[PDB]
Amino acid sequence: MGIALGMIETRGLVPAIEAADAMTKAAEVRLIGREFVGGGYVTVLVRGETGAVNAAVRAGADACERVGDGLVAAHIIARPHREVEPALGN
Amino acid sequence: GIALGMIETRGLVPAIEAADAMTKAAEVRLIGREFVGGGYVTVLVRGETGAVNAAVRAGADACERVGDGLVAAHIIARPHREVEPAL
Amino acid sequence: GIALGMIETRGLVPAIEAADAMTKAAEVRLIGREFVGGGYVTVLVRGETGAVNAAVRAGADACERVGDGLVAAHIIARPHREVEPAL
Amino acid sequence: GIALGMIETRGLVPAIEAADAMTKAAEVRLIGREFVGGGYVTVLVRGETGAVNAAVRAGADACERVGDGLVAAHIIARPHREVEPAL
Amino acid sequence: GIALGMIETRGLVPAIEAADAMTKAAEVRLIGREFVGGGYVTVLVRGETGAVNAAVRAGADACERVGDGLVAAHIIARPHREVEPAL
Amino acid sequence: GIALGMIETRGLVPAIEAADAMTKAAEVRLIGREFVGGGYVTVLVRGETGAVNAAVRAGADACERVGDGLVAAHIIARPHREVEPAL
């Protein structure tokens with residue numbers, strides 16, 4: 001029940017699924033979302049302790065950058081503001 | 001406060017960074033996250049005018065280096081009542 | 001009034017700025033905000049012909065350097081009742 | 001009438017203008033406004049053959065310079081029954 | 001008949017012309033019209049192989065100069081049963 | 001089987017051709033067809049690893065020259081439990 005947030009955005013769903021797979025395999029993080037953003041952007045989101053989310057996002061970024069049209073963003077917010085939480089499925 | 005702050009980004013990840021930075025930057029409420037179509041994503045905040053100013057300014061600085069980056073950073077100090085349904 | 005003002009933008013932030021400038025410029029009611037697809041957004045107002053013209057001029061000026069800017073500014077003074085379902 | 005007239009535009013604003021000019025130029029009824037994706041908008045009218053011919057032409061001239069403009073202007077005087085679910 | 005015919009266009013208007021020519025060409029049933037996203041529109045038909053052959057040929061010819069035109073024209077004579085839910 | 005196969009295409013017609021060729025080339029089941037946005041279409045199959053491998057290989061070859069063609073062809077042999085909700 002760490003509250004760190006890990007995010008990877010990709011071009012297309014296939015690199016996003018690869019990313020989430022690699023993230024949840026690399027460390028103890030829970031997948032909490034997959035968003036079809038519009039325009040072809042897809043974002044996957046995970047939660048965990050800071051160290052695990054760090055390891056997960058590095059792993060996801062590495063795994064998906066060469067899949068399909070690839071990686072757009074790979075970002076960690078280690079302590080999201082309470083206001084941000086509804087955007088994360090709360 | 002009824003002042004409105006808005007940041008538009010390319011993709012969701014810079015939008016969440018913007019929202020985080022905005023809400024840590026000053027006393028503002030995150031009231032909206034919009035998938036606009038075509039990859040645009042907008043986040044909206046409300047608060048007193050001075051707070052919304054600092055929030056949007058921190059928001060723009062934070063998300064402009066994230067993902068496909070920043071499109072718009074804007075403030076409306078006194079939004080018309082007619083606009084409220086769209087918020 | 002039954003006159004129609006429309007502004008189309010690239011992104012939601014210029015649309016919201018347009019809608020605010022429009023409703024502040026004259027006695028016009030904001031009747032809608034449409035996410036068109038591909039990033040197009042359109043805001044619609046109704047009022048008397050002169051009011052609507054003032055409103056759209058103001059909204060076109062206000063939003064053209066906001067975010068990815070302005071696509072269309074258009075006024076239909078007396079819409080056909082066939083079109084009203086689209087409004 | 002059962003003739004079908006179609007105009008496709010980039011953005012919603014020229015679609016509404018096309019629809020308004022179409023329904024003013026001849027007795028035709030607006031039966032549809034479709035957000036197609038990517039920013040395409042299609043407006044659909046029905047009526048007698050001559051009406052629909054007059055309508056589509058007028059709609060094409062009117063919306064041609066509005067916003068990001070006109071994509072398609074087309075008439076099918078008697079759509080096959082199998083086409084109706086695709087409108 | 002289990003043969004499958006498919007035409008993909010840029011915009012709805014060429015897709016409707018494709019549909020009309022396809023379904024008038026031979027005895028096929030229009031099982032779908034999909035808004036794919038980004039402006040792609042796909043129309044799908046079923047019938048016996050000869051009918052679908054004739055249909056898809058007719059449709060490709062008719063729509064390729066209409067609007068932003070034709071993307072794809074394809075026939076699958078005997079689709080796998082696993083694909084049927086997608087159909 | 002629990003291995004996952006995925007082909008991503010531009011448009012629905014190459015996607016359906018992929019799906020057909022995948023399920024004909026090996027014992028895999030088609031679990032999904034997703035309209036991703038912007039015109040991306042993903043088809044997803046499950047099966048044993050060797051089968052999913054043969055399936056995606058064939059699907060990639062089959063759809064690459066169809067319509068606007070192929071974007072991605074990827075296998076995940078042992079998908080994490082956490083990924084299952086996205087499938």
# chains A, B, ... in the order shown; residues from 1 in each chain; ligands from 1
call {"tool": "calpha_fit_and_write", "arguments": {"fixed": "chain F", "moving": "chain E", "output": "mmCIF file with N, CA, C and O atoms, in the first residue's frame"}}
result
data_model
loop_
_atom_site.group_PDB
_atom_site.id
_atom_site.type_symbol
_atom_site.label_atom_id
_atom_site.label_comp_id
_atom_site.auth_asym_id
_atom_site.auth_seq_id
_atom_site.Cartn_x
_atom_site.Cartn_y
_atom_site.Cartn_z
ATOM 1 N N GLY E 1 -4.085 -22.143 -22.114
ATOM 2 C CA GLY E 1 -2.878 -21.451 -22.528
ATOM 3 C C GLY E 1 -2.916 -19.977 -22.175
ATOM 4 O O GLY E 1 -3.904 -19.290 -22.446
ATOM 5 N N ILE E 2 -1.839 -19.483 -21.572
ATOM 6 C CA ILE E 2 -1.822 -18.099 -21.131
ATOM 7 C C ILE E 2 -0.910 -17.194 -21.957
ATOM 8 O O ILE E 2 -0.797 -16.021 -21.646
ATOM 9 N N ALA E 3 -0.266 -17.711 -23.002
ATOM 10 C CA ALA E 3 0.555 -16.843 -23.848
ATOM 11 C C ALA E 3 -0.329 -15.815 -24.543
ATOM 12 O O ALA E 3 -1.511 -16.069 -24.782
ATOM 13 N N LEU E 4 0.246 -14.656 -24.856
ATOM 14 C CA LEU E 4 -0.526 -13.542 -25.413
ATOM 15 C C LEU E 4 0.094 -13.022 -26.703
ATOM 16 O O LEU E 4 1.273 -12.658 -26.750
ATOM 17 N N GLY E 5 -0.717 -12.991 -27.751
ATOM 18 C CA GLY E 5 -0.273 -12.484 -29.035
ATOM 19 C C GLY E 5 -1.043 -11.230 -29.408
ATOM 20 O O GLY E 5 -2.251 -11.136 -29.192
ATOM 21 N N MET E 6 -0.343 -10.270 -29.996
ATOM 22 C CA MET E 6 -0.948 -8.970 -30.270
ATOM 23 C C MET E 6 -0.485 -8.380 -31.582
ATOM 24 O O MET E 6 0.714 -8.259 -31.818
ATOM 25 N N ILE E 7 -1.444 -7.987 -32.414
ATOM 26 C CA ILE E 7 -1.149 -7.240 -33.632
ATOM 27 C C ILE E 7 -1.916 -5.909 -33.647
ATOM 28 O O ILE E 7 -3.125 -5.868 -33.408
ATOM 29 N N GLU E 8 -1.192 -4.831 -33.931
ATOM 30 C CA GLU E 8 -1.774 -3.485 -34.026
ATOM 31 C C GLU E 8 -1.655 -2.963 -35.452
ATOM 32 O O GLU E 8 -0.568 -2.968 -36.014
ATOM 33 N N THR E 9 -2.767 -2.525 -36.039
ATOM 34 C CA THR E 9 -2.743 -2.009 -37.405
ATOM 35 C C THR E 9 -3.262 -0.574 -37.515
ATOM 36 O O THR E 9 -3.795 -0.017 -36.551
ATOM 37 N N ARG E 10 -3.104 0.002 -38.706
ATOM 38 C CA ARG E 10 -3.729 1.275 -39.068
ATOM 39 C C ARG E 10 -4.983 0.984 -39.879
ATOM 40 O O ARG E 10 -4.909 0.655 -41.074
ATOM 41 N N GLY E 11 -6.128 1.062 -39.208
ATOM 42 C CA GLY E 11 -7.401 0.698 -39.797
ATOM 43 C C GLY E 11 -7.896 -0.677 -39.397
ATOM 44 O O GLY E 11 -7.129 -1.535 -38.953
ATOM 45 N N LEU E 12 -9.189 -0.899 -39.594
ATOM 46 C CA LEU E 12 -9.804 -2.177 -39.259
ATOM 47 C C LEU E 12 -9.512 -3.290 -40.280
ATOM 48 O O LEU E 12 -9.354 -4.460 -39.919
ATOM 49 N N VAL E 13 -9.446 -2.935 -41.556
ATOM 50 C CA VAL E 13 -9.341 -3.959 -42.590
ATOM 51 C C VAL E 13 -8.044 -4.778 -42.473
ATOM 52 O O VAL E 13 -8.104 -6.005 -42.522
ATOM 53 N N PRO E 14 -6.876 -4.125 -42.290
ATOM 54 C CA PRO E 14 -5.710 -4.986 -42.045
ATOM 55 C C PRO E 14 -5.806 -5.773 -40.731
ATOM 56 O O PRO E 14 -5.228 -6.847 -40.628
ATOM 57 N N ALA E 15 -6.548 -5.261 -39.753
ATOM 58 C CA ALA E 15 -6.712 -5.960 -38.484
ATOM 59 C C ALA E 15 -7.552 -7.227 -38.640
ATOM 60 O O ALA E 15 -7.329 -8.227 -37.954
ATOM 61 N N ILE E 16 -8.535 -7.182 -39.525
ATOM 62 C CA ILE E 16 -9.368 -8.347 -39.733
ATOM 63 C C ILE E 16 -8.581 -9.406 -40.517
ATOM 64 O O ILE E 16 -8.654 -10.598 -40.210
ATOM 65 N N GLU E 17 -7.795 -8.977 -41.495
ATOM 66 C CA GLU E 17 -6.922 -9.928 -42.186
ATOM 67 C C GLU E 17 -5.911 -10.536 -41.213
ATOM 68 O O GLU E 17 -5.649 -11.746 -41.261
ATOM 69 N N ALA E 18 -5.352 -9.712 -40.323
ATOM 70 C CA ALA E 18 -4.427 -10.226 -39.318
ATOM 71 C C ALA E 18 -5.118 -11.297 -38.468
ATOM 72 O O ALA E 18 -4.595 -12.405 -38.296
ATOM 73 N N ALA E 19 -6.313 -10.969 -37.985
ATOM 74 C CA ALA E 19 -7.099 -11.890 -37.168
ATOM 75 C C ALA E 19 -7.358 -13.214 -37.871
ATOM 76 O O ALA E 19 -7.299 -14.273 -37.249
ATOM 77 N N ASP E 20 -7.663 -13.158 -39.163
ATOM 78 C CA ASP E 20 -8.016 -14.372 -39.873
ATOM 79 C C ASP E 20 -6.794 -15.263 -40.055
ATOM 80 O O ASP E 20 -6.898 -16.480 -39.942
ATOM 81 N N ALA E 21 -5.635 -14.658 -40.305
ATOM 82 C CA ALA E 21 -4.427 -15.432 -40.561
ATOM 83 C C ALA E 21 -3.897 -16.003 -39.258
ATOM 84 O O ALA E 21 -3.411 -17.140 -39.214
ATOM 85 N N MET E 22 -4.001 -15.200 -38.202
ATOM 86 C CA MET E 22 -3.585 -15.600 -36.858
ATOM 87 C C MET E 22 -4.353 -16.827 -36.408
ATOM 88 O O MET E 22 -3.761 -17.831 -36.017
ATOM 89 N N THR E 23 -5.676 -16.746 -36.490
ATOM 90 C CA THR E 23 -6.526 -17.794 -35.937
ATOM 91 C C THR E 23 -6.554 -19.058 -36.812
ATOM 92 O O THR E 23 -6.924 -20.130 -36.333
ATOM 93 N N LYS E 24 -6.158 -18.941 -38.080
ATOM 94 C CA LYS E 24 -6.052 -20.112 -38.946
ATOM 95 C C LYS E 24 -4.693 -20.784 -38.811
ATOM 96 O O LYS E 24 -4.515 -21.937 -39.212
ATOM 97 N N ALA E 25 -3.735 -20.063 -38.241
ATOM 98 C CA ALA E 25 -2.361 -20.540 -38.169
ATOM 99 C C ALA E 25 -2.120 -21.559 -37.062
ATOM 100 O O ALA E 25 -1.305 -22.459 -37.218
ATOM 101 N N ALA E 26 -2.813 -21.401 -35.941
ATOM 102 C CA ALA E 26 -2.641 -22.284 -34.789
ATOM 103 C C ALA E 26 -3.838 -22.131 -33.863
ATOM 104 O O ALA E 26 -4.658 -21.244 -34.069
ATOM 105 N N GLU E 27 -3.936 -22.975 -32.839
ATOM 106 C CA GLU E 27 -5.103 -22.932 -31.981
ATOM 107 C C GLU E 27 -4.962 -21.799 -30.969
ATOM 108 O O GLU E 27 -4.415 -21.985 -29.883
ATOM 109 N N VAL E 28 -5.406 -20.617 -31.365
ATOM 110 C CA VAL E 28 -5.456 -19.481 -30.461
ATOM 111 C C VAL E 28 -6.884 -18.958 -30.415
ATOM 112 O O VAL E 28 -7.656 -19.140 -31.363
ATOM 113 N N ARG E 29 -7.248 -18.320 -29.310
ATOM 114 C CA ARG E 29 -8.568 -17.725 -29.221
ATOM 115 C C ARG E 29 -8.431 -16.208 -29.294
ATOM 116 O O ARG E 29 -7.554 -15.622 -28.653
ATOM 117 N N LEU E 30 -9.272 -15.598 -30.122
ATOM 118 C CA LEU E 30 -9.304 -14.153 -30.275
ATOM 119 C C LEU E 30 -10.069 -13.591 -29.084
ATOM 120 O O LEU E 30 -11.283 -13.745 -28.987
ATOM 121 N N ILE E 31 -9.350 -12.972 -28.164
ATOM 122 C CA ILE E 31 -9.971 -12.516 -26.928
ATOM 123 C C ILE E 31 -10.400 -11.068 -27.031
ATOM 124 O O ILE E 31 -11.075 -10.550 -26.135
ATOM 125 N N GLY E 32 -10.021 -10.413 -28.127
ATOM 126 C CA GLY E 32 -10.335 -9.005 -28.268
ATOM 127 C C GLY E 32 -9.959 -8.344 -29.577
ATOM 128 O O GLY E 32 -9.004 -8.734 -30.249
ATOM 129 N N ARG E 33 -10.746 -7.331 -29.925
ATOM 130 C CA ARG E 33 -10.471 -6.416 -31.020
ATOM 131 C C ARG E 33 -10.825 -5.023 -30.531
ATOM 132 O O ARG E 33 -11.992 -4.738 -30.273
ATOM 133 N N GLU E 34 -9.824 -4.160 -30.416
ATOM 134 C CA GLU E 34 -10.017 -2.852 -29.803
ATOM 135 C C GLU E 34 -9.901 -1.714 -30.813
ATOM 136 O O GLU E 34 -8.944 -1.666 -31.579
ATOM 137 N N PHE E 35 -10.858 -0.789 -30.800
ATOM 138 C CA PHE E 35 -10.681 0.485 -31.507
ATOM 139 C C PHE E 35 -9.960 1.446 -30.568
ATOM 140 O O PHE E 35 -10.551 1.967 -29.625
ATOM 141 N N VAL E 36 -8.675 1.654 -30.820
ATOM 142 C CA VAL E 36 -7.792 2.308 -29.863
ATOM 143 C C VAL E 36 -7.959 3.840 -29.878
ATOM 144 O O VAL E 36 -7.786 4.501 -28.856
ATOM 145 N N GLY E 37 -8.328 4.384 -31.031
ATOM 146 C CA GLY E 37 -8.455 5.820 -31.203
ATOM 147 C C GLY E 37 -7.361 6.281 -32.135
ATOM 148 O O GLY E 37 -6.277 5.701 -32.154
ATOM 149 N N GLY E 38 -7.647 7.297 -32.938
ATOM 150 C CA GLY E 38 -6.661 7.815 -33.865
ATOM 151 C C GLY E 38 -6.426 6.921 -35.073
ATOM 152 O O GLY E 38 -5.573 7.211 -35.904
ATOM 153 N N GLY E 39 -7.193 5.844 -35.187
ATOM 154 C CA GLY E 39 -7.020 4.913 -36.300
ATOM 155 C C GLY E 39 -6.338 3.598 -35.962
ATOM 156 O O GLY E 39 -6.360 2.670 -36.769
ATOM 157 N N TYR E 40 -5.708 3.516 -34.793
ATOM 158 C CA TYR E 40 -5.103 2.261 -34.346
ATOM 159 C C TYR E 40 -6.171 1.218 -34.075
ATOM 160 O O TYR E 40 -7.190 1.515 -33.443
ATOM 161 N N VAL E 41 -5.924 -0.010 -34.532
ATOM 162 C CA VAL E 41 -6.762 -1.154 -34.182
ATOM 163 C C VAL E 41 -5.878 -2.302 -33.720
ATOM 164 O O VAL E 41 -4.895 -2.626 -34.373
ATOM 165 N N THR E 42 -6.236 -2.913 -32.596
ATOM 166 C CA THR E 42 -5.435 -3.989 -32.037
ATOM 167 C C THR E 42 -6.269 -5.254 -31.932
ATOM 168 O O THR E 42 -7.423 -5.211 -31.517
ATOM 169 N N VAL E 43 -5.678 -6.378 -32.331
ATOM 170 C CA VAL E 43 -6.316 -7.673 -32.175
ATOM 171 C C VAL E 43 -5.457 -8.505 -31.230
ATOM 172 O O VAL E 43 -4.228 -8.493 -31.305
ATOM 173 N N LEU E 44 -6.116 -9.191 -30.304
ATOM 174 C CA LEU E 44 -5.429 -9.889 -29.228
ATOM 175 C C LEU E 44 -5.836 -11.360 -29.229
ATOM 176 O O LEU E 44 -7.028 -11.668 -29.346
ATOM 177 N N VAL E 45 -4.850 -12.250 -29.114
ATOM 178 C CA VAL E 45 -5.105 -13.699 -29.043
ATOM 179 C C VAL E 45 -4.418 -14.385 -27.858
ATOM 180 O O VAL E 45 -3.384 -13.925 -27.371
ATOM 181 N N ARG E 46 -5.004 -15.497 -27.401
ATOM 182 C CA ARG E 46 -4.414 -16.312 -26.334
ATOM 183 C C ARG E 46 -4.298 -17.771 -26.768
ATOM 184 O O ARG E 46 -5.128 -18.258 -27.530
ATOM 185 N N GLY E 47 -3.272 -18.450 -26.267
ATOM 186 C CA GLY E 47 -3.103 -19.883 -26.447
ATOM 187 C C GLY E 47 -1.760 -20.315 -25.897
ATOM 188 O O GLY E 47 -1.111 -19.549 -25.206
ATOM 189 N N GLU E 48 -1.325 -21.535 -26.200
ATOM 190 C CA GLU E 48 -0.010 -21.971 -25.753
ATOM 191 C C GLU E 48 1.053 -21.212 -26.529
ATOM 192 O O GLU E 48 0.774 -20.686 -27.603
ATOM 193 N N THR E 49 2.265 -21.159 -25.990
ATOM 194 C CA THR E 49 3.322 -20.329 -26.566
ATOM 195 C C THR E 49 3.623 -20.636 -28.037
ATOM 196 O O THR E 49 3.736 -19.726 -28.855
ATOM 197 N N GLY E 50 3.741 -21.918 -28.379
ATOM 198 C CA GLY E 50 4.013 -22.300 -29.753
ATOM 199 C C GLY E 50 2.934 -21.848 -30.727
ATOM 200 O O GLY E 50 3.229 -21.370 -31.825
ATOM 201 N N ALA E 51 1.680 -22.007 -30.313
ATOM 202 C CA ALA E 51 0.530 -21.586 -31.097
ATOM 203 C C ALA E 51 0.532 -20.075 -31.335
ATOM 204 O O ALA E 51 0.242 -19.613 -32.438
ATOM 205 N N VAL E 52 0.854 -19.314 -30.292
ATOM 206 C CA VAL E 52 0.870 -17.851 -30.378
ATOM 207 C C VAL E 52 2.035 -17.360 -31.247
ATOM 208 O O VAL E 52 1.870 -16.439 -32.048
ATOM 209 N N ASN E 53 3.200 -17.984 -31.091
ATOM 210 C CA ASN E 53 4.325 -17.764 -32.000
ATOM 211 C C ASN E 53 3.916 -17.889 -33.464
ATOM 212 O O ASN E 53 4.124 -16.970 -34.250
ATOM 213 N N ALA E 54 3.337 -19.035 -33.817
ATOM 214 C CA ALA E 54 2.888 -19.286 -35.185
ATOM 215 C C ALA E 54 1.842 -18.266 -35.639
ATOM 216 O O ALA E 54 1.914 -17.740 -36.746
ATOM 217 N N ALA E 55 0.869 -18.009 -34.772
ATOM 218 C CA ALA E 55 -0.218 -17.070 -35.050
ATOM 219 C C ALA E 55 0.279 -15.667 -35.401
ATOM 220 O O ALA E 55 -0.045 -15.132 -36.465
ATOM 221 N N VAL E 56 1.051 -15.068 -34.497
ATOM 222 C CA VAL E 56 1.523 -13.700 -34.689
ATOM 223 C C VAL E 56 2.398 -13.578 -35.940
ATOM 224 O O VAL E 56 2.325 -12.570 -36.648
ATOM 225 N N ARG E 57 3.195 -14.609 -36.239
ATOM 226 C CA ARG E 57 3.997 -14.604 -37.469
ATOM 227 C C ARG E 57 3.103 -14.564 -38.704
ATOM 228 O O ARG E 57 3.312 -13.763 -39.616
ATOM 229 N N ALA E 58 2.106 -15.440 -38.725
ATOM 230 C CA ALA E 58 1.124 -15.469 -39.800
ATOM 231 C C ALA E 58 0.417 -14.122 -39.974
ATOM 232 O O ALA E 58 0.252 -13.631 -41.093
ATOM 233 N N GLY E 59 -0.008 -13.531 -38.865
ATOM 234 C CA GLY E 59 -0.771 -12.295 -38.927
ATOM 235 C C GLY E 59 0.030 -11.112 -39.440
ATOM 236 O O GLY E 59 -0.457 -10.317 -40.248
ATOM 237 N N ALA E 60 1.263 -10.993 -38.964
ATOM 238 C CA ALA E 60 2.142 -9.911 -39.382
ATOM 239 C C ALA E 60 2.417 -9.965 -40.885
ATOM 240 O O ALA E 60 2.363 -8.939 -41.557
ATOM 241 N N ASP E 61 2.709 -11.163 -41.396
ATOM 242 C CA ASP E 61 2.906 -11.388 -42.826
ATOM 243 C C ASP E 61 1.694 -10.991 -43.652
ATOM 244 O O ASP E 61 1.830 -10.308 -44.663
ATOM 245 N N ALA E 62 0.513 -11.425 -43.218
ATOM 246 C CA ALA E 62 -0.701 -11.285 -44.019
ATOM 247 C C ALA E 62 -1.236 -9.857 -44.122
ATOM 248 O O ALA E 62 -1.836 -9.503 -45.133
ATOM 249 N N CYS E 63 -1.036 -9.036 -43.095
ATOM 250 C CA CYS E 63 -1.707 -7.735 -43.057
ATOM 251 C C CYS E 63 -0.825 -6.563 -43.459
ATOM 252 O O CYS E 63 -1.319 -5.448 -43.617
ATOM 253 N N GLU E 64 0.472 -6.796 -43.631
ATOM 254 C CA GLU E 64 1.386 -5.669 -43.746
ATOM 255 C C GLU E 64 1.286 -4.926 -45.082
ATOM 256 O O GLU E 64 1.734 -3.782 -45.183
ATOM 257 N N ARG E 65 0.669 -5.544 -46.086
ATOM 258 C CA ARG E 65 0.429 -4.851 -47.353
ATOM 259 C C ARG E 65 -1.046 -4.512 -47.543
ATOM 260 O O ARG E 65 -1.458 -4.068 -48.614
ATOM 261 N N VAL E 66 -1.835 -4.724 -46.498
ATOM 262 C CA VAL E 66 -3.268 -4.486 -46.555
ATOM 263 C C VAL E 66 -3.585 -3.114 -45.958
ATOM 264 O O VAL E 66 -3.162 -2.805 -44.845
ATOM 265 N N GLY E 67 -4.303 -2.290 -46.715
ATOM 266 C CA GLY E 67 -4.646 -0.937 -46.293
ATOM 267 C C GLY E 67 -3.458 -0.103 -45.841
ATOM 268 O O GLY E 67 -2.415 -0.097 -46.486
ATOM 269 N N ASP E 68 -3.608 0.599 -44.719
ATOM 270 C CA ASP E 68 -2.512 1.410 -44.196
ATOM 271 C C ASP E 68 -1.558 0.582 -43.326
ATOM 272 O O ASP E 68 -0.620 1.110 -42.732
ATOM 273 N N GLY E 69 -1.799 -0.720 -43.260
ATOM 274 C CA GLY E 69 -0.775 -1.653 -42.824
ATOM 275 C C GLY E 69 -0.547 -1.870 -41.337
ATOM 276 O O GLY E 69 -1.386 -1.555 -40.486
ATOM 277 N N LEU E 70 0.637 -2.392 -41.042
ATOM 278 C CA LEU E 70 0.973 -2.937 -39.732
ATOM 279 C C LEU E 70 1.723 -1.943 -38.860
ATOM 280 O O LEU E 70 2.653 -1.277 -39.318
ATOM 281 N N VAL E 71 1.322 -1.851 -37.595
ATOM 282 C CA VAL E 71 2.049 -1.044 -36.627
ATOM 283 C C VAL E 71 2.923 -1.891 -35.705
ATOM 284 O O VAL E 71 4.091 -1.572 -35.456
ATOM 285 N N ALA E 72 2.354 -2.977 -35.193
ATOM 286 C CA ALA E 72 3.042 -3.762 -34.178
ATOM 287 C C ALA E 72 2.646 -5.219 -34.218
ATOM 288 O O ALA E 72 1.513 -5.567 -34.554
ATOM 289 N N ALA E 73 3.591 -6.064 -33.845
ATOM 290 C CA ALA E 73 3.367 -7.497 -33.762
ATOM 291 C C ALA E 73 4.184 -7.999 -32.593
ATOM 292 O O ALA E 73 5.413 -7.921 -32.602
ATOM 293 N N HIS E 74 3.503 -8.483 -31.566
ATOM 294 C CA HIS E 74 4.182 -8.735 -30.307
ATOM 295 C C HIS E 74 3.668 -9.978 -29.601
ATOM 296 O O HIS E 74 2.501 -10.351 -29.734
ATOM 297 N N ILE E 75 4.557 -10.607 -28.842
ATOM 298 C CA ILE E 75 4.239 -11.797 -28.074
ATOM 299 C C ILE E 75 4.691 -11.613 -26.633
ATOM 300 O O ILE E 75 5.808 -11.159 -26.386
ATOM 301 N N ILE E 76 3.803 -11.940 -25.696
ATOM 302 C CA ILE E 76 4.159 -12.071 -24.293
ATOM 303 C C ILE E 76 3.847 -13.508 -23.866
ATOM 304 O O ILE E 76 2.679 -13.909 -23.788
ATOM 305 N N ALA E 77 4.893 -14.291 -23.623
ATOM 306 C CA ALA E 77 4.739 -15.729 -23.378
ATOM 307 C C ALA E 77 4.005 -16.023 -22.071
ATOM 308 O O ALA E 77 3.121 -16.887 -22.021
ATOM 309 N N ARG E 78 4.367 -15.301 -21.015
ATOM 310 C CA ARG E 78 3.728 -15.488 -19.720
ATOM 311 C C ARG E 78 3.339 -14.154 -19.086
ATOM 312 O O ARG E 78 4.070 -13.639 -18.249
ATOM 313 N N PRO E 79 2.178 -13.606 -19.479
ATOM 314 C CA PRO E 79 1.681 -12.329 -18.954
ATOM 315 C C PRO E 79 1.468 -12.382 -17.448
ATOM 316 O O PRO E 79 1.036 -13.407 -16.924
ATOM 317 N N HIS E 80 1.751 -11.280 -16.764
ATOM 318 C CA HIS E 80 1.514 -11.202 -15.330
ATOM 319 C C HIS E 80 0.015 -11.315 -15.096
ATOM 320 O O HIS E 80 -0.771 -10.910 -15.947
ATOM 321 N N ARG E 81 -0.394 -11.874 -13.960
ATOM 322 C CA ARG E 81 -1.822 -11.933 -13.649
ATOM 323 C C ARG E 81 -2.442 -10.533 -13.496
ATOM 324 O O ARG E 81 -3.643 -10.360 -13.712
ATOM 325 N N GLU E 82 -1.632 -9.538 -13.135
ATOM 326 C CA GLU E 82 -2.142 -8.168 -12.990
ATOM 327 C C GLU E 82 -2.610 -7.580 -14.326
ATOM 328 O O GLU E 82 -3.479 -6.714 -14.360
ATOM 329 N N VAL E 83 -2.039 -8.056 -15.426
ATOM 330 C CA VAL E 83 -2.392 -7.540 -16.749
ATOM 331 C C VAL E 83 -3.710 -8.142 -17.246
ATOM 332 O O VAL E 83 -4.345 -7.609 -18.151
ATOM 333 N N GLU E 84 -4.126 -9.250 -16.639
ATOM 334 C CA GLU E 84 -5.307 -9.982 -17.100
ATOM 335 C C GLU E 84 -6.598 -9.161 -17.231
ATOM 336 O O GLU E 84 -7.370 -9.405 -18.161
ATOM 337 N N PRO E 85 -6.857 -8.206 -16.310
ATOM 338 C CA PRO E 85 -8.030 -7.347 -16.531
ATOM 339 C C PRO E 85 -7.953 -6.522 -17.819
ATOM 340 O O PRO E 85 -8.982 -6.296 -18.459
ATOM 341 N N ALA E 86 -6.754 -6.083 -18.190
ATOM 342 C CA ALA E 86 -6.566 -5.348 -19.438
ATOM 343 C C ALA E 86 -6.766 -6.277 -20.636
ATOM 344 O O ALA E 86 -6.952 -5.821 -21.764
ATOM 345 N N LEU E 87 -6.734 -7.581 -20.379
ATOM 346 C CA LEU E 87 -6.925 -8.578 -21.431
ATOM 347 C C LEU E 87 -8.352 -9.119 -21.441
ATOM 348 O O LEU E 87 -9.149 -8.817 -20.549
#
call {"tool": "select_by_dssp", "arguments": {"residues": "region 7-84 of chain B", "states": "strand (DSSP E)", "output": "list in words"}}
result
residues 7, 8, 9, 10, 29, 30, 31, 32, 33, 34, 35, 36, 37, 40, 41, 42, 43, 44, 45, 46, 47, 70, 71, 72, 73, 74, 75 and 76 of chain B
call {"tool": "select_by_dssp", "arguments": {"residues": "chain A", "states": "helix (DSSP H, G or I)", "output": "ChimeraX atom specification"}}
result
/A:13-26,50-64,82-88
call {"tool": "write_last_selection", "arguments": {"atoms": "C-alpha atoms", "output": "short mmCIF file (atom, residue, chain, number, x, y, z; two decimals), in the first residue's frame"}}
result
data_model
loop_
_atom_site.label_atom_id
_atom_site.label_comp_id
_atom_site.auth_asym_id
_atom_site.auth_seq_id
_atom_site.Cartn_x
_atom_site.Cartn_y
_atom_site.Cartn_z
CA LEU A 13 -2.13 -0.38 -27.12
CA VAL A 14 0.44 -3.09 -27.85
CA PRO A 15 3.47 -1.27 -26.39
CA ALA A 16 1.28 -0.23 -23.44
CA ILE A 17 0.44 -3.85 -22.65
CA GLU A 18 4.09 -4.83 -22.91
CA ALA A 19 4.92 -1.93 -20.56
CA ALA A 20 2.38 -2.94 -17.91
CA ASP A 21 3.58 -6.54 -18.12
CA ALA A 22 7.21 -5.55 -17.62
CA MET A 23 6.30 -3.14 -14.82
CA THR A 24 4.30 -5.63 -12.78
CA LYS A 25 7.03 -8.26 -13.29
CA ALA A 26 9.92 -6.04 -12.21
CA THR A 50 8.83 4.48 -4.23
CA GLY A 51 11.63 1.95 -4.78
CA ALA A 52 9.34 -0.58 -6.52
CA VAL A 53 7.69 2.01 -8.76
CA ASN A 54 11.16 3.28 -9.71
CA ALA A 55 12.20 -0.24 -10.74
CA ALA A 56 8.90 -0.92 -12.50
CA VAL A 57 8.88 2.24 -14.62
CA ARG A 58 12.49 1.73 -15.71
CA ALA A 59 11.64 -1.84 -16.69
CA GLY A 60 8.44 -0.87 -18.52
CA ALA A 61 10.17 1.95 -20.41
CA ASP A 62 12.99 -0.35 -21.47
CA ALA A 63 10.67 -3.16 -22.60
CA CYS A 64 8.18 -1.14 -24.66
CA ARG A 82 -4.66 14.32 -2.48
CA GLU A 83 -6.38 16.43 -5.17
CA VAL A 84 -4.85 14.31 -7.98
CA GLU A 85 -6.22 11.02 -6.66
CA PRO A 86 -9.63 11.04 -8.46
CA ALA A 87 -7.69 11.11 -11.74
CA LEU A 88 -6.09 7.84 -10.62
#
